[PDB]
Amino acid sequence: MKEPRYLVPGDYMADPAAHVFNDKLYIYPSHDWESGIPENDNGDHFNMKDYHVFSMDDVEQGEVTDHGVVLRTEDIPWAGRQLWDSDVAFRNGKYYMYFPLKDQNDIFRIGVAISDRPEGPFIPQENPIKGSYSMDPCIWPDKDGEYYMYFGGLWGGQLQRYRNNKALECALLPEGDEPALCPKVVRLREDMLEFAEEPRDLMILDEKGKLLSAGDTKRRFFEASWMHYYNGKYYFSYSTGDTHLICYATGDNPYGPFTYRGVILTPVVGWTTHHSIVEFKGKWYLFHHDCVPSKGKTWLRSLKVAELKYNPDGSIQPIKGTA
């Protein structure tokens, strides 16, 4: 594809998460809809309430299939509000969907929904994962045989309310030269229902190996954690929020510190930018979204796909955002 292709024109789907199951490419995006709520700093206008599942056979010219709703807030027993960016992993012959959702105390937790097939209806557990907090989870099937979750999100994601997995009496956002908050990493146990250990900082560093500062808002982690593997190297990509960038870093292990490299996606139409990187049929793709069909409305996002290409030195060729 020479030009970015919009996949679902009929509805507003955001925060795409693409995976390859049974030689098919499945997408697990959020579902944006027009709630009657005006914009807000706490992100109340992001009032998604369900999940659809899309699948393709050919990303570039292929037909896109809507499998319909597979999960909604009503079906979740511990549900409060706001189903945000989710992710799916395949293990033990089953598919585990990890969704963020404020509990009945308006605290962001992460729940698990299970299905026997990647597109089939997901049945949620009655309670959120023990110790879970914040949002935007990413589930990475590492080569060591284990499955790792990467989560975290500034501001509306309540990540600043916590220090070392423990909630603060009062939220605290680091400023200026102070080290910025890191995204979190935690290993999941085999049944994929709970954490196997305590989550820890996924350190993102300079080229000098120094932790990114809070003022460095063009490189500092904000949200949208994602992890993939190419040419014997790890790639941790993410969103920078108020600078509207999708950056990426590199490392040699799922835990070890990741060193910032560059920018994958320049600012797009809309305040938010969210993504997922996956290889399909020999080519890499950067699934993401912008607010072009909604004519600039941030809370109404349409998912799209652009071809991602690497340089021989391992770096990623920057992709132009719409804006």
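A residue's number is simply how far along the shown sequence it sits, counting from 1.
Mean CA B-factor, 118 to 126 versus 178 to 186: the higher value falls on 118 to 126. Stretches 251 to 259 and 58 to 66 differ in mean CA B factor, with 58 to 66 having the higher one. Remark: of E207, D216, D85, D103, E207 shows the highest value [criterion: C-alpha B-factor in the PDB entry]. Placement of the Cα temperature factor of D191 within the chain: highest third of the modelled residues, per the deposited record. Ranked within its chain, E169 lands in the middle third, by CA B factor from the PDB record. Ranked by Cα temperature factor within the chain, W299 sits in the lowest third according to the deposited record. Among all modelled residues in its chain, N40 ranks in the highest third by Cα B-factor. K143: CA B factor lies in the highest third for its chain, per the PDB record.
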